[PDB]
Structure formats: structure tokens, C-alpha cells
Amino acid sequence: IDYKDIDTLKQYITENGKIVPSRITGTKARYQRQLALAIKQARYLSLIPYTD
Amino acid sequence: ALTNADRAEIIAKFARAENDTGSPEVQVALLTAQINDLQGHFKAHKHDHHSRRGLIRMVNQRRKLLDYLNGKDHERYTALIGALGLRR
Amino acid sequence: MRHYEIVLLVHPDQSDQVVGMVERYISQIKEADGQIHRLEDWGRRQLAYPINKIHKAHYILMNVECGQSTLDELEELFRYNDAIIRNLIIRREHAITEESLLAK
Amino acid sequence: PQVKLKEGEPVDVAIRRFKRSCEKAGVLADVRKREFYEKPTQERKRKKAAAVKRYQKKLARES
Amino acid sequence: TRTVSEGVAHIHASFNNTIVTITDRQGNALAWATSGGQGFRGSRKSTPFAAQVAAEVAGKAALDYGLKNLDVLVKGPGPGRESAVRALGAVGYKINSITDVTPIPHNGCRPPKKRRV
RNA sequence: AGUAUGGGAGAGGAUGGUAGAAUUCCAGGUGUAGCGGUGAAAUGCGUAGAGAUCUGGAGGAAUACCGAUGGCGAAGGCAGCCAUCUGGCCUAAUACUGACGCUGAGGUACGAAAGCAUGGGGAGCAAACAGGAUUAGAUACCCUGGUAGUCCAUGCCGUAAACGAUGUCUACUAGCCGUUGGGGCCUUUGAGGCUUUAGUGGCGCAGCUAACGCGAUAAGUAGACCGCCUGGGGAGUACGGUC
Ligand SMILES: NCCC[C@H](N)CC(=O)NCCC[C@H](N)CC(=O)NCCC[C@H](N)CC(=O)N[C@@H]1[C@H](O)[C@@H](OC(N)=O)[C@@H](CO)O[C@H]1NC1=N[C@@H]2C(=O)NC[C@@H](O)[C@H]2N1
């Protein structure tokens, strides 16, 4: 998963902007790590908010 | 860092037969090249102890291979250390 | 030569001037050597949070291949150009040429 | 949160809904966590105990 | 003297005290009341009843400017964050939204040491 | 035991840059009697305009969520993001060398926190210290402040319940259930199900143990080498020596 796919990125973000754990999403661990990296990159690039 | 071309050139220079990669001459030549290359890195990063451990391991492995080669054949050992410019 | 992906955020006031800068950087990369593998303009987009009291930005994506020195020169240019407010440089394996999701 | 109010909703349902959203978010737990400094030793001990409890709960609900 | 229609109510709720500040939009204060301002000095400043009294006093004070609708922002833990909203609704403003704005560090400064009570 | 070539996972290490949240201080706007703190208070701050709220600056330190009997490292330890330099590990099949191995007295390298030296930095926290409480007393626990230090550069010190209170290497000895990184196979289309390998956990047959317990990650069955113990105090002390 790449940081540009904000449509998939928002699926794993709570309302206030936090990352949703794999405990809830059922995501596999490697995918979860890639997803967290993509979310942080998008936050830096201002495609998605850090909070709210 | 050395590239595949550099390593292949060293292997071709020091090989003792066709497809020979495990001979003491080839192994010691590769180790010497790597050890000499890393000296530039440890000049800039004096406090990279975690990486310096690997260099110490390379030095120890080279010493063991040299001692084995000297035990097996003194002429090949002399020729190899002369070619590589090593004190011992 | 290594492969790099560059994302540039340019001030909306320089939305017209973005074109000159892009050809400038492309020409510099080509003079060094290199190959531009992908170039995309995402246009003007709304920021998720204000940057320097600005709510809009012009987005540029480049996929380039270059040596070390040219990467340093590009980094210096991005640092000292006031039009660019944010940049992201990511080293990549292979080369990417497909149409991005965000460009549309 | 940002619990906007419908015209039909009274203040009491507003408060209950906003309280539920705050429980979902968990801000108050964060505030109580950062009220005082917790040392790394105690933090690791607490997390290890939590892991043991989680595994035992999983085993109990499995059988 | 000044007239505004929309408002905001900031409820600073804390384990020791609750402060209600009714402000216009863009945050210029219009009315404010705390528990100590109505009494309950010392340990009693933190009760929901004191929070409610402070909230009603602030709302009645702001009615002189005259506001119909307000957004409520709550900050902090502690008793009275719900009670104050209850009192404002009882006074009769219409609450547009209620959002929690308690600040959270992303591992910023080091907290004080633990109390050995 | 080692080498060459393809592929893979990682808070492994060093250098530089950068991002957002929060605390503190400063300057303005609106605004007016309290705020703060506790078991309860008082010290303290406030009409010289505090606290609360909005805006704009300065600076330092640390990286919420992800996050996990998860991962990496010889151990000590390692957590935002990006680039540069760099170590080791896993995995497949060929090819290559041909015992090149294991352990290791002396020796040498690394080695948490506190501490020391020279020069910077200093938000928050906080030994010492000052005041307020509690107390028969309080030299403490609690509260209000607060210097060294915590931070950076370059060196020293060499100690911790530095712990798995369990030295390193090798082979063998029922099974069942998880989890991380890979390989292969099978259905059949997207996801599952079998095996194997290197880690990391929970039970448990045999065996072992004074017992507790350990039980393929042994404290079982054996082999190689090293370190250490010989009743409790005196005492890791005195003297001599090295640093
Ligand atoms: N090959 C290389 C691999 C290296 C790696 N290291 C893996 C490894 O090799 N491990 C070896 C296993 C040794 C084992 N650790 C010894 C042990 O477990 N107890 C020591 C003897 C104590 C006594 N005989 C039994 C006991 O009192 N038990 C308690 C008890 O059951 C329960 O406590 C309470 N309150 O009832 C539980 C939860 O609190 O804690 C246990 N106690 C503990 N649990 C902890 C734990 O596992 N570790 C660290 C430490 O914290 C441990 N103490």
C-alpha cells in the first residue's frame, strides 16, 4: 500500500484521526506496518490531518 | 562499498581453477578488499562500534584463513601475502 | 544511479510560475544525466491543516533517476526556493511509470 | 467528538450521546495516564501483566 | 451594550475547580463564573452542584448581551463537565454542539513525580 | 566450518535535515474578582488586572495513536518522518574450498544510571536547599518554590537484583495449542488448508529435583573446554600492589 491511496488510508483512521489497531481491523502485521508508514507520510504531506 | 563488478574482478584475479570461489586465496582477497574499503567509513564515523564489530570479525576470519593456508602450503601463503601487501 | 520520488508543495501565488521551475529542474537532471520517468501535476488542492497560514497548495510529483551530486543540488534548490513550502524525497526501487491514483 | 445537535434532541440525550463518544475516544484515560510520570520499569511490568491477562482471557473464551 | 447572536461556552473542568467562560465567536469574553465565585471554598469547589451553580450564573449574565445558540467546548477531567452543560440547557440556550478539547501531548514534557500518599 | 550469486524482514549503528501535538515564557485583544493547592488547609499568584479565552512570537526536550508473551542487537540497549554512510540475520538451488573446528588461563574491546573534566545549552522535571503543613518531635512522607543534574560536543569512570539470580558448543529423547520472518505443496481464484525451517510463548508423557519446580528455548540423556563454592560473623574490610 502506498501513501497516495487516501481512499484506503481513511478506512483505518478513527474520527479524530488516530490509527485503528490490527486487533480491530483484522489486518495482518506486515500490512499494518506498511499502513502506518503510509499514514504518517500522508500526514506529513498534508493529505490527511494529524488530528481531527 | 564494493560492487558486484569489483568482487568479480577480484575473484577472477585470484581464482585457482574455474568457478573457484571458496579457495583461501579468493576468500582472503575479498576480505582484504572489504577491510581496506571500510577504513574510509570508520574515519568519518569514529563512534560506530556496532559496525566496527563486523570489521573485527572480518579481520579474525582473514587471520584464521591465512594461518590455515600457511599450514597447508608455505609457497602459496608467501605468494598471497606478497600479492596483497600484508605484513603477516 | 538510484531512483527517487519527489513531491513538491508550491505556494498558490506561484501557480503560474510552477511550470518554469519544473522544466528548470528537469533540465538540470538531464544535464547531469538521469531520466525523468514520471511527471504529474495534481493542481491546486486544499490542505488538511494550514501551513504558514496557507490553506491551498499546488502539488507536483516527479519520478527521477539521478546520481548523488544532482540529488544534493536539487535538495539545495528546494531548500532555498521560497515558492516551495514542503517537499518529500523518497528513495525507490525499480522505476514507476503508471498513472497515479491521485492525479486522475 | 463534534456532537452536533438535531432539533429533536434534548439536552439530556445530547449529554448522554457526547459522553458515549468521549468513552469511545478515551481522552480521560489519556489525561489520567499523563497526570504523573511512570518509570520504564513499571511501564514494562504493567504491559507484561496485561499481556498475561489477555492470553488467559483468550484461552478462557476458547474453552 | 454590544449584541451578538451566536456564542461559545468554554468549561475548564478540573479536579479542584470548574470555570465557565461564555464568549462570542472568535473568542472575546462576555461572562465568566467559577465555583469559588459562588462559594464552596476549598475542597467543595469540585462538586457537580457547584459546577451547575457557576454555569447558571454565567448563562444568566450572558443573557443580558442576549444569545440564543451556543457551542460548548469542555476541557479537562473532573466533576461538573456534564453538570455545567445540564445547567446551561436548563437556563435555555440552544446547544449547537458539544465537543471535547482536552489537550494531549505526543510525548512532550515530563510529568511531575508520583505522589507516595 | 566457510565463500560467490538471487530474494526478504527488522526501534541494529553513525551523521545531517525536517514535521505535528503539548508544557513554559513574552507582546497584544475581549474581560473581571478570584486562581492555585490538599485528607482539610496554609505557604504562593491576583485590581500594578490574575485565572479563563483568542491571536502572534521565543526556546528546549520528548515522539500520542500504530504498539503486540511484536521486532532488532554479544550484552548494555534501540521507537515520529526523510536522505547519506554502515554491521549482522533469515531464505532457495547450484557451484566452490576441503576439518580451515570448539573452548579459552593471561590479554583486549564494548559496557544502564549516577558521578568527574573542558566548552555550550536549559522548556519540563528535580538530589541539595527555603518556606507551609502534619506530628509528642518531622530533621520524612503531603504542598508551594527551586540549584546541581537530566540535554549537546570531546574525554574519563567500569559499577547494577548488569537476572533466565541458569557459561559457551554439540548430538539424542512423547505429544497438543498460539505467534513473528521465510521455503514448498494442495485446492481454486482468493482466500483458505497441509508440511518444513529459524525465532518467540502457553501446557504437558518419560526423565530429573530436598521441595518448589524444569520438561526439544531442560534444571533430561551424554561429550569438550572454561569460571566459581567449601559453616555464620569479622569482610569484598585491613596491609601491600595495579588502575
Ligand atoms: N534459551 C535462552 C532463553 C532466554 C530467555 N530469558 C527465556 C528463558 O530461558 N526463561 C527461563 C525461565 C525462568 C523463569 N523466569 C523463572 C521464574 O519464572 N520465576 C523465578 C522463581 C520464582 C518462583 N519459583 C515461582 C514464582 O514465584 N513465580 C511467579 C508466579 O507464578 C506469578 O507471580 C505471582 N505473584 O504469583 C507470576 C506472575 O506474576 O510470576 C512468576 N515469576 C516470574 N515470572 C517471570 C519470568 O518468566 N521472567 C522474569 C521474572 O519476572 C520471572 N519471575
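In what follows, every chain begins at residue 1, and chains take the letters A, B, ... in the order their sequences are listed. FYI, side chains are in, hydrogens and waters are out, and symmetry mates aren't considered; it's all heavy atoms of this structure.
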Visitor: Check every strand shown and say whether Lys39(D) touches a base, only sugar-phosphate, or nothing at a heavy-atom separation below 4.0 Å.
Guide: nothing
Visitor: Phosphate oxygens OP1/OP2 of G124(F): is one of them under 4.0 Å from a side-chain N or O of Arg34(D)?
Guide: no
Visitor: When both hydrogen-bonding distances must be under 3.5 Å and the geometry is Watson-Crick or G-U wobble, what is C172(F) paired with, if anything?
Guide: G220(F)
Visitor: Indicate whether OP1 or OP2 belonging to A52(F) is found under 4.0 Å from a side-chain N or O atom of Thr34(E).
Guide: no
Visitor: Determine, for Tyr44(A) and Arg86(C), whether the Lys NZ or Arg CZ falls below 6.0 Å from the six-membered ring centre while staying within 45 degrees of the axis.
Guide: yes
Visitor: Across all strands, who's sitting opposite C156(F) as a Watson-Crick or G-U wobble pair, both distances under 3.5 Å?
Guide: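 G115(F) is the nucleotide pairing with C156(F).
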Visitor: Do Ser51(B) and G88(F) share a donor-acceptor pair, side chain to base, under 3.5 Å?
Guide: no
Visitor: Hey, what do you get for CD (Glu93(C)) to CZ (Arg2(C)), rounding to the nearest 0.5 Å?
Guide: 9.5 Å
Visitor: Can you pull out every ring-ring contact (aromatic ring centres under 6.0 Å, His included) where at least one residue sits in residues 97-117 of chain E? Sequence neighbours excluded, please.
Guide: none
Visitor: Give one of base, sugar-phosphate or nothing for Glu5(C), where a contact means two heavy atoms less than 4.0 Å apart.
Guide: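 If one applies the 4.0 Å heavy-atom cut-off, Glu5(C) turns out to touch nothing in the nucleic acid.
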Visitor: Taking any strand in view, what nucleotide pairs with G80(F) in a Watson-Crick or G-U wobble way, both distances under 3.5 Å?
Guide: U18(F)
Visitor: At under 4.0 Å between heavy atoms, what does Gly22(B) touch on the DNA or RNA strands: base, sugar-phosphate, or nothing?
Guide: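 Result for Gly22(B) = base.
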Visitor: Using only side-chain N and O atoms of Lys113(E), determine if any of them is under 4.0 Å from OP1 or OP2 of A127(F).
Guide: yes
Visitor: Give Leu38(B) one of three labels, base, sugar-phosphate or nothing, depending on what nucleic acid heavy atoms sit under 4.0 Å from its own.
Guide: sugar-phosphate
Visitor: Taking the same atom, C1', in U166(F) and in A162(F), what whole-Å distance lies between them?
Guide: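 It comes out at 15 Å once rounded to the nearest Å.
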Visitor: Give a yes/no answer on whether the side chain of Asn28(E) brings an N or O atom under 4.0 Å of OP1 or OP2 in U53(F).
Guide: no
Visitor: Think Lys45(E) has a side-chain N or O under 4.0 angstrom from the OP1 or OP2 of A41(F)?
Guide: no
Visitor: Counting the atoms with a prime plus P, OP1 and OP2 as sugar-phosphate, which does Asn17(E) contact under 4.0 Å by heavy atoms, base, sugar-phosphate, or nothing?
Guide: sugar-phosphate
Visitor: Both distances under 3.5 Å, Watson-Crick or G-U wobble: does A130(F) pair with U144(F)?
Guide: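 WC or G-U pairing between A130(F) and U144(F): yes.
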Visitor: Centres under 5.5 Å and planes under 30° for the six-membered rings of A19(F) and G20(F)?
Guide: yes
Visitor: Tell me which nucleotide, if any, is Watson-Crick or G-U wobble paired with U97(F) when both distances must be under 3.5 Å.
Guide: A1(F)
Visitor: Could you check if the base of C100(F) is syn or anti? Syn means the glycosidic torsion is within 90 degrees of 0.
Guide: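 This nucleotide is in syn.
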Visitor: Given the P atoms of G215(F) and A74(F), what is the spacing between them in whole Å?
Guide: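 These two P atoms come out 25 Å apart once rounded.
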Visitor: Reckon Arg53(B) has a side-chain N or O less than 4.0 Å from the OP1 or OP2 of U86(F)?
Guide: no
Visitor: Within the 3.5 Å criterion, strictly below it, is a donor on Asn16(E) or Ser14(E) matched to an acceptor on the partner's side chain?
Guide: no
Visitor: Any side-chain N or O of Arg7(B) below 4.0 angstrom from OP1/OP2 of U5(F)?
Guide: yes
Visitor: So if I define the base as every atom that isn't primed, P, OP1 or OP2, how would nucleotides 145-163 of chain F read as a B/S/- string at a heavy-atom cutoff under 4.0 Å?
Guide: ----------S--------
Visitor: So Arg2(C), base contact, sugar-phosphate only, or nothing? Heavy-atom distance under 4.0 Å.
Guide: sugar-phosphate
Visitor: Ring of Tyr4(C), cation from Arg92(C) - is the NZ or CZ under 6.0 Å from the centre and inside 45° of the axis?
Guide: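 Cation-pi check for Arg92(C) and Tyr4(C): fails.
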Visitor: At under 4.0 Å between heavy atoms, what does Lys75(E) touch on the DNA or RNA strands: base, sugar-phosphate, or nothing?
Guide: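 Sugar-phosphate only.
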Visitor: Hey, is CD on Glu9(B) packed in by over 12 heavy atoms from elsewhere, all under 6.0 Å?
Guide: no
Visitor: Can you tell me, in whole Å, how much space there is between the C1' of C66(F) and that of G71(F)?
Guide: 14 Å
Visitor: Is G34(F) the Watson-Crick or G-U wobble partner of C45(F), both distances being under 3.5 Å?
Guide: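 Between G34(F) and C45(F) there is a Watson-Crick or G-U pair, with both distances under 3.5 Å.
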Visitor: Considering just the side-chain nitrogens and oxygens of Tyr68(B), establish if one lies under 4.0 Å of OP1 or OP2 belonging to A99(F).
Guide: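 Result: yes.
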Visitor: Enter the distance from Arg38(C):CZ to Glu5(C):CD here, rounded to the nearest 0.5 Å.
Guide: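 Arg38(C) atom CZ to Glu5(C) atom CD measures 5.0 Å (nearest 0.5 Å).
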Visitor: Indicate, with a heavy-atom threshold strictly under 4.0 Å, whether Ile13(A) touches base, sugar-phosphate, or nothing.
Guide: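 Nothing, no nucleic acid heavy atom in range.
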Visitor: Take nucleotides 106-122 of chain F nucleotide by nucleotide from the 5' end and write B, S or -, depending on whether a protein heavy atom sits under 4.0 Å from the base, only from the sugar-phosphate, or from neither.
Guide: ----S------------
Visitor: Less than 4.0 angstrom between a side-chain N/O of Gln26(E) and OP1 or OP2 of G29(F), yes or no?
Guide: no
Visitor: Just call it for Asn4(B): base, sugar-phosphate, or nothing, with non-hydrogen atoms closer than 4.0 Å on any strand.
Guide: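 Contact class for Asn4(B): sugar-phosphate only.
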Visitor: Give a yes/no verdict on base stacking between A14(F) and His45(B): centres under 5.5 Å, planes within less than 30° of parallel.
Guide: no
Visitor: Could you tell me whether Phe49(E) atom CZ has more than 12 heavy atoms of other residues or ligands within 6.0 Å of it?
Guide: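 12 or below, so no.
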Visitor: Tell me if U150(F) is syn or anti. Syn = glycosidic torsion within 90° of 0, anti otherwise.
Guide: anti
Visitor: By the 4.0 Å heavy-atom rule, please label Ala31(E) as base, sugar-phosphate, or nothing.
Guide: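 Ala31(E): no heavy atom of the nucleic acid under 4.0 Å.
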Visitor: Assign a letter to each nucleotide of nucleotides 75-80 of chain F from its 5' end: B, base within under 4.0 Å of a protein heavy atom; S, sugar-phosphate only; -, no contact.
Guide: -B---S
Visitor: Can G215(F) and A216(F) be counted as stacked under the 5.5 Å centre and 30° plane limits?
Guide: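 When the rule is applied to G215(F) and its neighbour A216(F), the answer comes out as no.
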Visitor: Could you check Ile89(C) against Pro112(E) and say which one's nearest nucleotide on RNA chain F is further toward the 5' end?
Guide: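 On the 5' side of the pair lies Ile89(C).
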Visitor: Would you classify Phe42(B) as touching base, sugar-phosphate or nothing, given that sugar-phosphate means primed atoms plus P, OP1 and OP2, and contacts are heavy atoms under 4.0 Å?
Guide: nothing
Visitor: May I ask you to say what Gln56(D) touches in the nucleic acid, namely base, sugar-phosphate or nothing, with a heavy-atom cut-off under 4.0 Å?
Guide: nothing
Visitor: What's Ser23(B) touching, base or sugar-phosphate or nothing? Going by heavy atoms closer than 4.0 Å.
Guide: sugar-phosphate
Visitor: Using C1' atoms of five pairs at each end, report the bend of the helix from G175(F)-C203(F) to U187(F)-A191(F) rounded to 10 degrees.
Guide: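 Computed from the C1' atoms at both ends, the axes differ by 10°.
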Visitor: Sugar-phosphate means primed atoms, P, OP1 and OP2; the rest is base. With that split, encode nucleotides 189-200 of chain F 5' to 3' as B, S or - using protein heavy atoms under 4.0 Å.
Guide: ------------
Visitor: Take atom CZ in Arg46(D); do more than 12 heavy atoms of anything else shown fall under 6.0 Å from it?
Guide: yes
Visitor: I want to confirm an ordering. Mapping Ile19(A) and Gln38(E) to their closest nucleotides on RNA chain F, which one lands closer to the 5' end?
Guide: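 The residue mapped nearer the 5' terminus is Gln38(E).
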Visitor: Quantified in whole Å, what is the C1' atom distance between nucleotide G6(F) and nucleotide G107(F)?
Guide: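 Comparing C1' positions in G6(F) and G107(F) gives a spacing of 43 Å.
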Visitor: Using purine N1 to pyrimidine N3 plus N6-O4 or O6-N4 for Watson-Crick, or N1-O2 and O6-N3 for G-U wobble, each under 3.5 Å, what pairs with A126(F)?
Guide: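 Base partner found: none.
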Visitor: When you measure from the side-chain N and O atoms of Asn87(C) to the phosphate of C82(F), is any distance below 4.0 Å, counting only OP1 and OP2?
Guide: no
Visitor: Taking the sign of the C1'-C2'-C3'-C4' torsion, positive for north and negative for south, which way does the sugar of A48(F) pucker?
Guide: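 South.
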Visitor: With both distances kept under 3.5 Å, what pairs with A68(F), Watson-Crick or G-U wobble?
Guide: none
Visitor: Does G20(F) have OP1 or OP2 sitting under 4.0 Å from an N or O in the side chain of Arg43(A)?
Guide: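 For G20(F), OP1/OP2 do not have a side-chain N/O of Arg43(A) under 4.0 Å.
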Visitor: Looking at the strand neighbours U188(F) and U189(F), are the centres of their six-membered rings under 5.5 angstrom apart while the planes meet at under 30 degrees?
Guide: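 Not stacked: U188(F) and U189(F) fail the distance or angle limit.
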Visitor: Ignoring backbone atoms, test whether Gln27(B) places a side-chain nitrogen or oxygen under 4.0 Å from the OP1 or OP2 oxygen of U97(F).
Guide: no
Visitor: Describe the nucleic acid contact of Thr14(A) in one word from base, sugar-phosphate, nothing, applying a heavy-atom distance below 4.0 Å.
Guide: nothing
Visitor: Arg7(B) side chain to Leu2(B) main-chain N or O, any donor-acceptor pair under 3.5 Å?
Guide: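 It does hold such a pair.
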Visitor: Are any of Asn16(E)'s side-chain N or O atoms less than 4.0 Å away from OP1 or OP2 of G37(F)?
Guide: yes
Visitor: Tell me whether the OP1 or OP2 atom of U3(F) has a side-chain N or O from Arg16(B) closer than 4.0 Å.
Guide: no
